[PDB]
């Protein structure tokens, strides 16, 4: 049978695939070892199975769920719309936006793996232990996900 990890990467890739061409902003954070329970409390509880369809429906613009961070924990969507800390690092530049600052911000204080789809460019991004790899391609973003959740 397919692994809960494996299914979850498949879910992520398919939704980014859908979302990136359409410049649909997305912000998804996966808890790893450091508990994200503080940011989980700020969001709308779903406790839902992870599917590409749900993620695409969550981030459709001008819906109740779309702004803020989806937070994955134990291979479920714990919450949507959660608030992550915005980075105070000035070198963050433009082109990147709140979603990116929230992703960068969370990687400063946690081991979480976060990824972003830019609302204005559609550009895929990813943060992990301070490091911030942006403008990935679908194959790039996919291979990155696999290593971290090997």
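Numbering follows the first chain given and starts at 1.
The stretch 92 to 100 shows the higher mean C-alpha B-factor when 92 to 100 is compared against 43 to 51 in the entry.
Comparing 130 to 138 with 13 to 21, the stretch with the higher mean C-alpha B-factor in the PDB entry is 130 to 138.
In the deposited entry, the Cα temperature factor of residue 118 sits in the middle third of values across the chain's modelled residues. Among the modelled residues of its chain, residue 62 has a C-alpha B-factor that falls in the middle third according to the deposited record.
Among all modelled residues in this chain, the alpha-carbon of residue 37 has a temperature factor (C-alpha) in the middle third.
In this PDB entry, residue 81 carries a Cα temperature factor that places it within the lowest third of its chain's modelled residues.
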